[PDB]
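Peer 1: Input file: structure_13.json. Contents: JSON, C-alpha atoms and all ligand atoms.
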[["chain", "number", "residue", "atom", "x", "y", "z"],
["A", 104, "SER", "CA", 0.00, 0.00, 0.00],
["A", 105, "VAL", "CA", 1.10, 3.61, -0.51],
["A", 106, "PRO", "CA", 2.67, 5.13, 2.64],
["A", 107, "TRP", "CA", 1.29, 8.27, 4.24],
["A", 108, "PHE", "CA", 2.45, 11.44, 2.55],
["A", 109, "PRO", "CA", 1.58, 15.12, 2.96],
["A", 110, "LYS", "CA", -1.20, 16.38, 0.72],
["A", 111, "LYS", "CA", -1.01, 20.09, 1.60],
["A", 112, "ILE", "CA", 1.67, 22.36, 3.03],
["A", 113, "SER", "CA", 0.26, 22.21, 6.58],
["A", 114, "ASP", "CA", 0.51, 18.39, 6.57],
["A", 115, "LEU", "CA", 4.24, 18.89, 7.13],
["A", 116, "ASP", "CA", 3.27, 19.57, 10.76],
["A", 117, "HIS", "CA", 2.77, 15.78, 11.13],
["A", 118, "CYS", "CA", 6.25, 14.83, 9.89],
["A", 119, "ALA", "CA", 8.63, 17.77, 10.37],
["A", 120, "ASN", "CA", 8.85, 16.86, 14.09],
["A", 121, "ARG", "CA", 9.77, 13.19, 13.45],
["A", 122, "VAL", "CA", 13.49, 13.62, 14.02],
["A", 130, "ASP", "CA", 27.36, 13.31, 18.38],
["A", 131, "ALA", "CA", 30.71, 12.32, 19.75],
["A", 132, "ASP", "CA", 33.46, 14.16, 17.82],
["A", 133, "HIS", "CA", 31.32, 17.32, 17.74],
["A", 134, "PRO", "CA", 33.13, 20.48, 18.91],
["A", 135, "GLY", "CA", 30.36, 21.38, 21.35],
["A", 136, "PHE", "CA", 29.81, 17.91, 22.80],
["A", 137, "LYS", "CA", 31.43, 18.76, 26.14],
["A", 138, "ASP", "CA", 30.01, 22.33, 26.39],
["A", 139, "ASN", "CA", 26.76, 22.61, 28.40],
["A", 140, "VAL", "CA", 26.11, 26.20, 27.41],
["A", 141, "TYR", "CA", 26.27, 25.14, 23.77],
["A", 142, "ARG", "CA", 24.01, 22.15, 24.51],
["A", 143, "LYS", "CA", 21.43, 24.36, 26.24],
["A", 144, "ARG", "CA", 21.53, 26.74, 23.27],
["A", 145, "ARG", "CA", 21.02, 23.84, 20.84],
["A", 146, "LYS", "CA", 18.07, 22.72, 22.97],
["A", 147, "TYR", "CA", 16.67, 26.23, 22.63],
["A", 148, "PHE", "CA", 16.83, 26.04, 18.82],
["A", 149, "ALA", "CA", 15.42, 22.50, 18.75],
["A", 150, "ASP", "CA", 12.41, 23.59, 20.82],
["A", 151, "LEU", "CA", 11.67, 26.50, 18.47],
["A", 152, "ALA", "CA", 11.51, 24.04, 15.57],
["A", 153, "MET", "CA", 9.50, 21.45, 17.52],
["A", 154, "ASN", "CA", 6.88, 24.02, 18.57],
["A", 155, "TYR", "CA", 6.61, 25.68, 15.15],
["A", 156, "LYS", "CA", 3.41, 24.99, 13.22],
["A", 157, "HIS", "CA", 2.70, 25.92, 9.60],
["A", 158, "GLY", "CA", 1.32, 29.44, 9.43],
["A", 159, "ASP", "CA", 3.48, 30.71, 12.28],
["A", 160, "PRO", "CA", 6.06, 33.39, 11.63],
["A", 161, "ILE", "CA", 9.38, 31.65, 12.15],
["A", 162, "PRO", "CA", 10.58, 32.80, 15.59],
["A", 163, "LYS", "CA", 13.23, 35.46, 15.29],
["A", 164, "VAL", "CA", 16.32, 34.82, 17.36],
["A", 165, "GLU", "CA", 18.79, 37.18, 18.98],
["A", 166, "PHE", "CA", 22.09, 35.55, 18.05],
["A", 167, "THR", "CA", 24.94, 35.93, 20.50],
["A", 168, "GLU", "CA", 28.08, 37.98, 19.80],
["A", 169, "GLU", "CA", 29.99, 34.70, 19.61],
["A", 170, "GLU", "CA", 27.55, 33.29, 17.07],
["A", 171, "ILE", "CA", 27.67, 36.39, 14.89],
["A", 172, "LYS", "CA", 31.49, 36.38, 14.84],
["A", 173, "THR", "CA", 31.44, 32.72, 13.82],
["A", 174, "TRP", "CA", 29.03, 33.59, 11.00],
["A", 175, "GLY", "CA", 31.20, 36.56, 10.09],
["A", 176, "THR", "CA", 34.33, 34.42, 9.83],
["A", 177, "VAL", "CA", 32.59, 31.87, 7.60],
["A", 178, "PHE", "CA", 30.90, 34.62, 5.57],
["A", 179, "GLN", "CA", 34.13, 36.57, 4.83],
["A", 180, "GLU", "CA", 36.13, 33.54, 3.65],
["A", 181, "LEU", "CA", 33.35, 32.05, 1.52],
["A", 182, "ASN", "CA", 32.64, 35.37, -0.23],
["A", 183, "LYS", "CA", 36.27, 35.54, -1.34],
["A", 184, "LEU", "CA", 35.72, 32.30, -3.29],
["A", 185, "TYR", "CA", 32.19, 32.63, -4.74],
["A", 186, "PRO", "CA", 33.12, 34.95, -7.68],
["A", 187, "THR", "CA", 35.46, 32.30, -9.11],
["A", 188, "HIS", "CA", 33.72, 29.14, -7.85],
["A", 189, "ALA", "CA", 29.92, 29.60, -7.71],
["A", 190, "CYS", "CA", 27.54, 29.28, -10.65],
["A", 191, "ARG", "CA", 26.04, 32.40, -12.25],
["A", 192, "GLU", "CA", 22.62, 31.80, -10.66],
["A", 193, "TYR", "CA", 24.19, 31.84, -7.19],
["A", 194, "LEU", "CA", 26.16, 35.02, -7.91],
["A", 195, "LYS", "CA", 23.05, 36.69, -9.35],
["A", 196, "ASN", "CA", 20.88, 36.05, -6.27],
["A", 197, "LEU", "CA", 23.47, 36.65, -3.53],
["A", 198, "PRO", "CA", 23.47, 40.49, -3.82],
["A", 199, "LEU", "CA", 19.67, 40.49, -3.56],
["A", 200, "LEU", "CA", 19.92, 38.65, -0.24],
["A", 201, "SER", "CA", 22.34, 41.23, 1.14],
["A", 202, "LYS", "CA", 20.08, 44.14, 0.19],
["A", 203, "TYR", "CA", 16.74, 42.59, 1.26],
["A", 204, "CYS", "CA", 17.63, 40.04, 3.99],
["A", 205, "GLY", "CA", 20.54, 41.66, 5.80],
["A", 206, "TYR", "CA", 23.31, 39.32, 4.71],
["A", 207, "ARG", "CA", 26.38, 40.99, 6.25],
["A", 208, "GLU", "CA", 29.53, 39.93, 8.05],
["A", 209, "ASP", "CA", 28.11, 41.35, 11.31],
["A", 210, "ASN", "CA", 24.52, 40.09, 11.08],
["A", 211, "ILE", "CA", 23.00, 36.61, 10.81],
["A", 212, "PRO", "CA", 19.85, 36.80, 8.63],
["A", 213, "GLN", "CA", 16.55, 35.70, 10.18],
["A", 214, "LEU", "CA", 14.87, 32.66, 8.66],
["A", 215, "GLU", "CA", 11.54, 34.51, 8.61],
["A", 216, "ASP", "CA", 12.97, 37.29, 6.42],
["A", 217, "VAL", "CA", 14.63, 34.79, 4.09],
["A", 218, "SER", "CA", 11.38, 32.81, 3.89],
["A", 219, "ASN", "CA", 9.44, 35.93, 2.86],
["A", 220, "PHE", "CA", 12.09, 36.72, 0.24],
["A", 221, "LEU", "CA", 11.87, 33.22, -1.26],
["A", 222, "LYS", "CA", 8.06, 33.12, -1.24],
["A", 223, "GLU", "CA", 7.96, 36.19, -3.49],
["A", 224, "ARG", "CA", 10.75, 35.06, -5.80],
["A", 225, "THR", "CA", 9.91, 31.35, -6.31],
["A", 226, "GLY", "CA", 7.23, 30.38, -3.82],
["A", 227, "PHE", "CA", 9.80, 28.56, -1.71],
["A", 228, "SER", "CA", 9.48, 28.92, 2.04],
["A", 229, "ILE", "CA", 11.44, 27.89, 5.10],
["A", 230, "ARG", "CA", 10.38, 25.71, 8.01],
["A", 231, "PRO", "CA", 12.74, 25.40, 11.00],
["A", 232, "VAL", "CA", 13.79, 21.78, 11.64],
["A", 233, "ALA", "CA", 15.21, 20.53, 14.94],
["A", 234, "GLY", "CA", 17.41, 17.86, 13.35],
["A", 235, "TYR", "CA", 17.54, 15.09, 10.78],
["A", 236, "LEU", "CA", 14.23, 13.85, 9.39],
["A", 237, "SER", "CA", 13.91, 10.64, 7.47],
["A", 238, "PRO", "CA", 14.72, 11.03, 3.75],
["A", 239, "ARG", "CA", 11.05, 10.53, 2.97],
["A", 240, "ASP", "CA", 9.90, 13.33, 5.27],
["A", 241, "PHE", "CA", 12.69, 15.73, 4.26],
["A", 242, "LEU", "CA", 12.09, 15.26, 0.53],
["A", 243, "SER", "CA", 8.33, 15.55, 1.03],
["A", 244, "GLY", "CA", 8.70, 19.18, 2.10],
["A", 245, "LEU", "CA", 10.24, 20.05, -1.28],
["A", 246, "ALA", "CA", 7.00, 18.92, -2.96],
["A", 247, "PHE", "CA", 5.37, 22.01, -1.42],
["A", 248, "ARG", "CA", 8.44, 24.24, -1.97],
["A", 249, "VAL", "CA", 9.27, 23.94, 1.73],
["A", 250, "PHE", "CA", 12.90, 23.61, 2.76],
["A", 251, "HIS", "CA", 13.50, 22.25, 6.25],
["A", 252, "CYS", "CA", 16.15, 24.55, 7.68],
["A", 253, "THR", "CA", 18.41, 24.43, 10.71],
["A", 254, "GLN", "CA", 18.43, 27.58, 12.81],
["A", 255, "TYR", "CA", 21.39, 27.02, 15.17],
["A", 256, "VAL", "CA", 25.03, 28.05, 14.65],
["A", 257, "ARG", "CA", 28.08, 25.78, 14.67],
["A", 258, "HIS", "CA", 30.22, 25.77, 17.80],
["A", 259, "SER", "CA", 32.53, 28.78, 17.94],
["A", 260, "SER", "CA", 35.63, 26.68, 18.70],
["A", 261, "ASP", "CA", 35.88, 25.56, 15.04],
["A", 262, "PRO", "CA", 34.20, 27.90, 12.52],
["A", 263, "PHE", "CA", 35.25, 25.54, 9.68],
["A", 264, "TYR", "CA", 33.58, 22.42, 11.14],
["A", 265, "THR", "CA", 31.21, 21.26, 8.42],
["A", 266, "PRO", "CA", 29.98, 17.62, 8.76],
["A", 267, "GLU", "CA", 26.92, 18.87, 10.65],
["A", 268, "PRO", "CA", 24.72, 21.38, 8.76],
["A", 269, "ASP", "CA", 24.05, 24.62, 10.61],
["A", 270, "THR", "CA", 22.21, 27.81, 9.71],
["A", 271, "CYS", "CA", 25.33, 29.22, 8.01],
["A", 272, "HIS", "CA", 25.10, 26.26, 5.62],
["A", 273, "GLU", "CA", 21.40, 26.90, 4.98],
["A", 274, "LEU", "CA", 21.68, 30.65, 4.45],
["A", 275, "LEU", "CA", 24.88, 30.75, 2.38],
["A", 276, "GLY", "CA", 24.61, 27.38, 0.66],
["A", 277, "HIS", "CA", 20.93, 26.74, -0.07],
["A", 278, "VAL", "CA", 19.06, 30.06, -0.03],
["A", 279, "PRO", "CA", 20.59, 31.82, -3.09],
["A", 280, "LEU", "CA", 19.70, 28.89, -5.37],
["A", 281, "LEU", "CA", 16.18, 28.45, -3.92],
["A", 282, "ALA", "CA", 15.56, 31.99, -5.21],
["A", 283, "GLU", "CA", 16.22, 30.81, -8.79],
["A", 284, "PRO", "CA", 13.08, 29.61, -10.64],
["A", 285, "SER", "CA", 14.80, 26.83, -12.63],
["A", 286, "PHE", "CA", 16.47, 25.49, -9.48],
["A", 287, "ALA", "CA", 13.25, 25.74, -7.43],
["A", 288, "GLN", "CA", 11.39, 23.74, -10.09],
["A", 289, "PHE", "CA", 14.15, 21.10, -10.15],
["A", 290, "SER", "CA", 14.06, 20.85, -6.35],
["A", 291, "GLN", "CA", 10.26, 20.68, -6.15],
["A", 292, "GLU", "CA", 10.18, 17.84, -8.67],
["A", 293, "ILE", "CA", 12.46, 15.75, -6.45],
["A", 294, "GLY", "CA", 9.93, 16.28, -3.66],
["A", 295, "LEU", "CA", 6.95, 15.50, -5.90],
["A", 296, "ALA", "CA", 8.59, 12.30, -7.17],
["A", 297, "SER", "CA", 9.24, 11.14, -3.60],
["A", 298, "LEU", "CA", 5.62, 11.45, -2.42],
["A", 299, "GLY", "CA", 4.35, 7.99, -1.54],
["A", 300, "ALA", "CA", 7.23, 6.37, -3.41],
["A", 301, "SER", "CA", 8.80, 3.03, -2.47],
["A", 302, "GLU", "CA", 11.58, 2.96, 0.12],
["A", 303, "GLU", "CA", 14.15, 2.18, -2.60],
["A", 304, "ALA", "CA", 12.86, 5.02, -4.80],
["A", 305, "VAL", "CA", 13.14, 7.47, -1.89],
["A", 306, "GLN", "CA", 16.74, 6.36, -1.31],
["A", 307, "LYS", "CA", 17.60, 6.93, -4.98],
["A", 308, "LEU", "CA", 15.95, 10.36, -5.04],
["A", 309, "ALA", "CA", 17.73, 11.26, -1.80],
["A", 310, "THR", "CA", 21.05, 10.29, -3.40],
["A", 311, "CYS", "CA", 20.30, 12.24, -6.58],
["A", 312, "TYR", "CA", 19.39, 15.19, -4.33],
["A", 313, "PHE", "CA", 22.69, 14.75, -2.47],
["A", 314, "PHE", "CA", 24.80, 14.89, -5.64],
["A", 315, "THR", "CA", 22.93, 17.88, -7.05],
["A", 316, "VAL", "CA", 21.35, 20.14, -4.42],
["A", 317, "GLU", "CA", 24.08, 19.44, -1.87],
["A", 318, "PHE", "CA", 27.28, 18.63, -3.82],
["A", 319, "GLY", "CA", 26.44, 19.34, -7.45],
["A", 320, "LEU", "CA", 28.73, 20.88, -10.02],
["A", 321, "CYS", "CA", 27.55, 22.45, -13.26],
["A", 322, "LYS", "CA", 29.10, 23.37, -16.58],
["A", 323, "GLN", "CA", 28.71, 27.04, -17.57],
["A", 324, "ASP", "CA", 30.32, 28.54, -20.68],
["A", 325, "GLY", "CA", 32.69, 25.58, -20.79],
["A", 326, "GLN", "CA", 33.80, 26.09, -17.16],
["A", 327, "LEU", "CA", 33.00, 23.96, -14.12],
["A", 328, "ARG", "CA", 31.09, 25.78, -11.41],
["A", 329, "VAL", "CA", 29.63, 24.80, -8.05],
["A", 330, "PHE", "CA", 25.94, 24.80, -7.15],
["A", 331, "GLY", "CA", 25.82, 22.26, -4.29],
["A", 332, "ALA", "CA", 24.97, 23.90, -0.96],
["A", 333, "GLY", "CA", 27.33, 21.59, 0.92],
["A", 334, "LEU", "CA", 30.25, 22.81, -1.19],
["A", 335, "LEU", "CA", 29.17, 26.45, -1.13],
["A", 336, "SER", "CA", 29.31, 26.46, 2.69],
["A", 337, "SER", "CA", 32.54, 24.40, 2.99],
["A", 338, "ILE", "CA", 35.65, 26.51, 2.38],
["A", 339, "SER", "CA", 38.12, 23.66, 1.92],
["A", 340, "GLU", "CA", 35.90, 21.42, -0.21],
["A", 341, "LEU", "CA", 34.69, 24.33, -2.35],
["A", 342, "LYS", "CA", 38.31, 24.85, -3.41],
["A", 343, "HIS", "CA", 38.99, 21.12, -3.72],
["A", 344, "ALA", "CA", 35.95, 20.50, -5.95],
["A", 345, "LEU", "CA", 37.18, 22.87, -8.67],
["A", 346, "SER", "CA", 40.84, 21.80, -8.28],
["A", 347, "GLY", "CA", 42.39, 19.22, -10.56],
["A", 348, "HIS", "CA", 42.48, 16.80, -7.61],
["A", 349, "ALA", "CA", 38.74, 16.12, -7.72],
["A", 350, "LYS", "CA", 37.20, 13.25, -9.64],
["A", 351, "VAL", "CA", 34.28, 14.37, -11.79],
["A", 352, "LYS", "CA", 31.62, 12.44, -13.73],
["A", 353, "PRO", "CA", 28.49, 13.41, -15.71],
["A", 354, "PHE", "CA", 25.26, 13.68, -13.75],
["A", 355, "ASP", "CA", 23.28, 10.59, -14.76],
["A", 356, "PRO", "CA", 20.56, 9.55, -12.30],
["A", 357, "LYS", "CA", 20.69, 5.79, -12.96],
["A", 358, "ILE", "CA", 24.42, 5.94, -12.19],
["A", 359, "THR", "CA", 24.46, 8.81, -9.69],
["A", 360, "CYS", "CA", 21.78, 7.19, -7.49],
["A", 361, "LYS", "CA", 24.13, 4.27, -6.80],
["A", 362, "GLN", "CA", 26.96, 6.42, -5.44],
["A", 363, "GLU", "CA", 27.53, 6.26, -1.68],
["A", 364, "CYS", "CA", 27.02, 9.59, 0.13],
["A", 365, "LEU", "CA", 30.04, 10.47, 2.31],
["A", 366, "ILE", "CA", 29.76, 12.68, 5.40],
["A", 367, "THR", "CA", 33.10, 12.73, 7.27],
["A", 368, "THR", "CA", 35.35, 13.41, 4.26],
["A", 369, "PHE", "CA", 35.41, 15.12, 0.90],
["A", 370, "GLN", "CA", 33.32, 13.31, -1.69],
["A", 371, "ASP", "CA", 35.16, 10.71, -3.74],
["A", 372, "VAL", "CA", 33.41, 12.00, -6.86],
["A", 373, "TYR", "CA", 31.29, 14.97, -7.93],
["A", 374, "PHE", "CA", 28.60, 14.93, -10.60],
["A", 375, "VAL", "CA", 28.34, 17.69, -13.23],
["A", 376, "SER", "CA", 24.97, 18.78, -14.52],
["A", 377, "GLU", "CA", 24.81, 20.57, -17.86],
["A", 378, "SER", "CA", 22.27, 23.04, -16.42],
["A", 379, "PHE", "CA", 19.41, 23.02, -13.94],
["A", 380, "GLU", "CA", 16.94, 22.55, -16.80],
["A", 381, "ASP", "CA", 18.88, 19.53, -18.10],
["A", 382, "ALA", "CA", 19.23, 18.00, -14.64],
["A", 383, "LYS", "CA", 15.46, 18.47, -14.33],
["A", 384, "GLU", "CA", 14.85, 16.69, -17.64],
["A", 385, "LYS", "CA", 17.15, 13.81, -16.69],
["A", 386, "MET", "CA", 15.33, 13.34, -13.38],
["A", 387, "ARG", "CA", 11.96, 13.32, -15.18],
["A", 388, "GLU", "CA", 13.14, 10.40, -17.33],
["A", 389, "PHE", "CA", 14.66, 8.65, -14.31],
["A", 390, "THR", "CA", 11.64, 9.00, -12.01],
["A", 391, "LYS", "CA", 9.45, 7.28, -14.58],
["A", 392, "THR", "CA", 11.49, 4.10, -14.13],
["A", 393, "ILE", "CA", 11.37, 4.15, -10.30],
["A", 394, "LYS", "CA", 7.75, 5.18, -9.88],
["B", 1, "LIG", "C1", 18.07, 13.54, 1.96],
["B", 1, "LIG", "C2", 19.02, 13.38, 3.15],
["B", 1, "LIG", "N1", 18.44, 14.01, 4.32],
["B", 1, "LIG", "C3", 17.63, 13.31, 5.12],
["B", 1, "LIG", "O1", 17.41, 12.18, 4.87],
["B", 1, "LIG", "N2", 17.09, 13.90, 6.21],
["B", 1, "LIG", "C4", 17.34, 15.17, 6.50],
["B", 1, "LIG", "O2", 16.84, 15.65, 7.46],
["B", 1, "LIG", "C5", 18.19, 15.93, 5.67],
["B", 1, "LIG", "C6", 18.72, 15.31, 4.59],
["B", 1, "LIG", "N3", 19.50, 16.22, 3.93],
["B", 1, "LIG", "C7", 19.46, 17.35, 4.60],
["B", 1, "LIG", "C8", 20.17, 18.64, 4.20],
["B", 1, "LIG", "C9", 21.67, 18.58, 4.44],
["B", 1, "LIG", "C10", 22.41, 17.64, 5.13],
["B", 1, "LIG", "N4", 23.70, 18.05, 5.07],
["B", 1, "LIG", "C11", 24.86, 17.55, 5.55],
["B", 1, "LIG", "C12", 25.98, 18.30, 5.23],
["B", 1, "LIG", "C13", 27.43, 18.02, 5.62],
["B", 1, "LIG", "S1", 25.41, 19.65, 4.30],
["B", 1, "LIG", "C14", 23.74, 19.16, 4.37],
["B", 1, "LIG", "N5", 22.52, 19.50, 3.99],
["B", 1, "LIG", "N6", 18.67, 17.21, 5.65],
["B", 1, "LIG", "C15", 18.38, 18.27, 6.62],
["B", 1, "LIG", "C16", 18.83, 17.89, 8.02],
["B", 1, "LIG", "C17", 20.23, 18.21, 8.26],
["B", 1, "LIG", "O3", 19.84, 19.23, 9.24],
["B", 1, "LIG", "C18", 18.44, 18.89, 9.02],
["B", 2, "FE", "FE", 22.02, 21.19, 2.93]]
Here is a file; write its structure as structure tokens.
Ligand SMILES: CCn1c(=O)[nH]c(=O)c2c1nc(Cc1cn3cc(C)sc3n1)n2CC1COC1
Ligand SMILES: [Fe+3]
Peer 2:
Amino acid sequence: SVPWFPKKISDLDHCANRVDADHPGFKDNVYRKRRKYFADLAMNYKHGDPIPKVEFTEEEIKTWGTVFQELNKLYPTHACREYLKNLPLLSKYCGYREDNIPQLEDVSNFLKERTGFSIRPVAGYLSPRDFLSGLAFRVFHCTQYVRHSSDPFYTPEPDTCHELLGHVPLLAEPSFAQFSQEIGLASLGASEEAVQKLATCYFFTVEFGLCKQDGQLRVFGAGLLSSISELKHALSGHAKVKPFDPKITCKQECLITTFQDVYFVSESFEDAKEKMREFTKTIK
């Protein structure tokens, strides 16, 4: 039988709440209490609420600032044109600055106008099925906390810096928003195996994707765009690159503690969208 899946945007209320050891904040209680604070905001959020605005601490804003300054040095030569186009809009309308962490509510309002995408705060990891299902309604489940200040370059756990600098500029691009939504739509009520394959295709596009633009390789994956060292590595000659091809890409193991072994290159967001359309027919 078909598994339960959301049928309207408010149905995400029933799944978005269905949620380390080497972590830099593992032994810090103040950090743990703060993370509990953010988790509770997500857990208590219901669709229709304004996303609670948070007063970030001086330590958190400096951590953001450090990440923000280094990444911005690289974007002009590493990011795709769509990312570079949208990033200045975020600074002007959402307060993206070295000394200010943007509020999810402001970013959500920006995206709703541009592409109909919206943000929902998420306490932690959801199942692949639940996470993908939000995309079907142009809802991106977003972390709201900040990485521990002891290591501003600690990336294996996504934080709000990753969401705001990695994902948000692309969600404001119509072609990318359509591509993303169609992953969500394909996942709705799909088999467990199909959800795994879509989640892997998502991983090697939305999170670690490369694209070809005017004969050059650029980066569009959010995970790369928020990771200083891997952003450089991905466009270096040391990275292994292969064509995005869902029936192949969906078999690739997703790595979390190290650089990817391989990166997949999409011709464009429209082409990646077309390839997924052909692929999803065979798994659903
Ligand atoms: C389809 C796999 N998948 C899943 O199955 N469940 C999820 O909840 C989920 C998820 N992918 C993401 C987004 C993400 C992870 N990640 C790791 C980096 C390193 S960069 C980055 N971006 N999330 C959001 C949770 C992570 O904080 C909430
Ligand atoms: Fe991400």
Peer 1: Find the spatial neighbours of residue 302 in chain A, counting all atoms listed in the file, within a cut-off of 12 Å - ignore same-chain residues fewer than 6 positions away - and output them as a ChimeraX atom specification.
Peer 2: /A:104-106,237-240,308-309,393-394
Peer 1: Go through chain A residue by residue and, counting only C-alpha atoms and all ligand atoms, keep those with an atom at most 7 Å from ligand LIG 1 (chain B); for each kept residue give the shortest atom pair and its distance in Å to one decimal, ordered by chain and increasing number, as JSON lines.
Peer 2:
{"residue": "A:232", "atom": "CA", "partner": "B:LIG1", "partner_atom": "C18", "distance": 6.1}
{"residue": "A:233", "atom": "CA", "partner": "B:LIG1", "partner_atom": "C18", "distance": 6.9}
{"residue": "A:234", "atom": "CA", "partner": "B:LIG1", "partner_atom": "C18", "distance": 4.6}
{"residue": "A:235", "atom": "CA", "partner": "B:LIG1", "partner_atom": "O2", "distance": 3.4}
{"residue": "A:236", "atom": "CA", "partner": "B:LIG1", "partner_atom": "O2", "distance": 3.7}
{"residue": "A:237", "atom": "CA", "partner": "B:LIG1", "partner_atom": "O1", "distance": 4.6}
{"residue": "A:238", "atom": "CA", "partner": "B:LIG1", "partner_atom": "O1", "distance": 3.1}
{"residue": "A:239", "atom": "CA", "partner": "B:LIG1", "partner_atom": "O1", "distance": 6.8}
{"residue": "A:241", "atom": "CA", "partner": "B:LIG1", "partner_atom": "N2", "distance": 5.1}
{"residue": "A:242", "atom": "CA", "partner": "B:LIG1", "partner_atom": "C1", "distance": 6.4}
{"residue": "A:251", "atom": "CA", "partner": "B:LIG1", "partner_atom": "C15", "distance": 6.3}
{"residue": "A:252", "atom": "CA", "partner": "B:LIG1", "partner_atom": "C18", "distance": 6.3}
{"residue": "A:253", "atom": "CA", "partner": "B:LIG1", "partner_atom": "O3", "distance": 5.6}
{"residue": "A:265", "atom": "CA", "partner": "B:LIG1", "partner_atom": "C13", "distance": 5.7}
{"residue": "A:266", "atom": "CA", "partner": "B:LIG1", "partner_atom": "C13", "distance": 4.1}
{"residue": "A:267", "atom": "CA", "partner": "B:LIG1", "partner_atom": "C13", "distance": 5.1}
{"residue": "A:268", "atom": "CA", "partner": "B:LIG1", "partner_atom": "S1", "distance": 4.8}
{"residue": "A:269", "atom": "CA", "partner": "B:LIG1", "partner_atom": "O3", "distance": 7.0}
{"residue": "A:272", "atom": "CA", "partner": "B:LIG1", "partner_atom": "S1", "distance": 6.7}
{"residue": "A:309", "atom": "CA", "partner": "B:LIG1", "partner_atom": "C1", "distance": 4.4}
{"residue": "A:310", "atom": "CA", "partner": "B:LIG1", "partner_atom": "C1", "distance": 6.9}
{"residue": "A:312", "atom": "CA", "partner": "B:LIG1", "partner_atom": "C1", "distance": 6.6}
{"residue": "A:313", "atom": "CA", "partner": "B:LIG1", "partner_atom": "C1", "distance": 6.5}
{"residue": "A:317", "atom": "CA", "partner": "B:LIG1", "partner_atom": "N5", "distance": 6.1}
{"residue": "A:332", "atom": "CA", "partner": "B:LIG1", "partner_atom": "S1", "distance": 6.8}
{"residue": "A:333", "atom": "CA", "partner": "B:LIG1", "partner_atom": "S1", "distance": 4.3}
{"residue": "A:366", "atom": "CA", "partner": "B:LIG1", "partner_atom": "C13", "distance": 5.8}
Peer 1: Nearest to residue 174 in chain A: which of A:363, A:388, A:273, A:371 is it, counting all atoms listed in the file?
Peer 2: A:273
Peer 1: CA of residue 187 in chain A to CA of residue 199 in chain A: how many Å, to one decimal?
Peer 2: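 Here the two named atoms are 18.6 Å from each other.
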Peer 1: With only C-alpha atoms and all ligand atoms as the atoms that count, which of A:197, A:287, A:246, A:271 lies nearest to ligand FE 2 (chain B)?
Peer 2: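 Under the stated criterion, the closest residue is A:271.
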Peer 1: Find, counting all atoms listed in the file, the residue in A:338, A:304, A:329, A:386 that gets nearest to residue 373 in chain A.
Peer 2: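 The closest residue to residue 373 in chain A is A:329.
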Peer 1: Which residue, A:305, A:337, A:189, A:299, has the smallest gap to ligand FE 2 (chain B) when you use all atoms listed in the file?
Peer 2: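 Once distances to ligand FE 2 (chain B) are computed over all atoms listed in the file, the minimum belongs to A:337.
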Peer 1: Could you tell me how far CA of residue 225 in chain A lies from CA of residue 284 in chain A, in Å and to one decimal?
Peer 2: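 Separation between CA of residue 225 in chain A and CA of residue 284 in chain A: 5.6 Å.
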Peer 1: Tell me which of A:154, A:359, A:326, A:270 sits closest to ligand FE 2 (chain B), counting all atoms listed in the file.
Peer 2: A:270
Peer 1: For residue 230 in chain A, which residue among A:193, A:185, A:136, A:250 is the nearest when counting only C-alpha atoms?
Peer 2: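 For residue 230 in chain A, the nearest of the candidates is A:250.
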Peer 1: To one decimal in Å, tell me the separation between CA of residue 182 in chain A and CA of residue 365 in chain A.
Peer 2: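 Computing the Euclidean distance for CA of residue 182 in chain A and CA of residue 365 in chain A yields 25.2 Å.
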Peer 1: Show me the residues close to (16.8, 34.3, -7.8) - anything with an atom within 7 Å, counting only C-alpha atoms - and format the list as a list in words.
Peer 2: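 Selection result: residues 192, 195, 196, 224, 279, 280, 282, 283 and 284 of chain A.
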Peer 1: So which residues touch residue 158 in chain A within 12 Å, counting all atoms listed in the file, skipping near sequence neighbours fewer than 5 positions away, as a PyMOL selection string?
Peer 2: chain A and resi 112-116+215+218+228-230
Peer 1: At the level of C-alpha atoms, write range 218-234 of chain A to a file as a PDB file, in the first residue's frame, please.
Peer 2:
ATOM      1  CA  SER A 218      11.384  32.815   3.889  1.00  0.00           C
ATOM      2  CA  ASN A 219       9.438  35.931   2.859  1.00  0.00           C
ATOM      3  CA  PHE A 220      12.095  36.717   0.245  1.00  0.00           C
ATOM      4  CA  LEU A 221      11.874  33.225  -1.260  1.00  0.00           C
ATOM      5  CA  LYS A 222       8.057  33.116  -1.241  1.00  0.00           C
ATOM      6  CA  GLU A 223       7.955  36.193  -3.487  1.00  0.00           C
ATOM      7  CA  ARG A 224      10.752  35.055  -5.803  1.00  0.00           C
ATOM      8  CA  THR A 225       9.912  31.355  -6.305  1.00  0.00           C
ATOM      9  CA  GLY A 226       7.227  30.383  -3.824  1.00  0.00           C
ATOM     10  CA  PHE A 227       9.796  28.556  -1.712  1.00  0.00           C
ATOM     11  CA  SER A 228       9.479  28.918   2.035  1.00  0.00           C
ATOM     12  CA  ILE A 229      11.439  27.892   5.100  1.00  0.00           C
ATOM     13  CA  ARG A 230      10.379  25.708   8.005  1.00  0.00           C
ATOM     14  CA  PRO A 231      12.744  25.400  10.997  1.00  0.00           C
ATOM     15  CA  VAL A 232      13.790  21.784  11.641  1.00  0.00           C
ATOM     16  CA  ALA A 233      15.210  20.531  14.938  1.00  0.00           C
ATOM     17  CA  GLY A 234      17.413  17.863  13.350  1.00  0.00           C
TER      18      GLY A 234
END
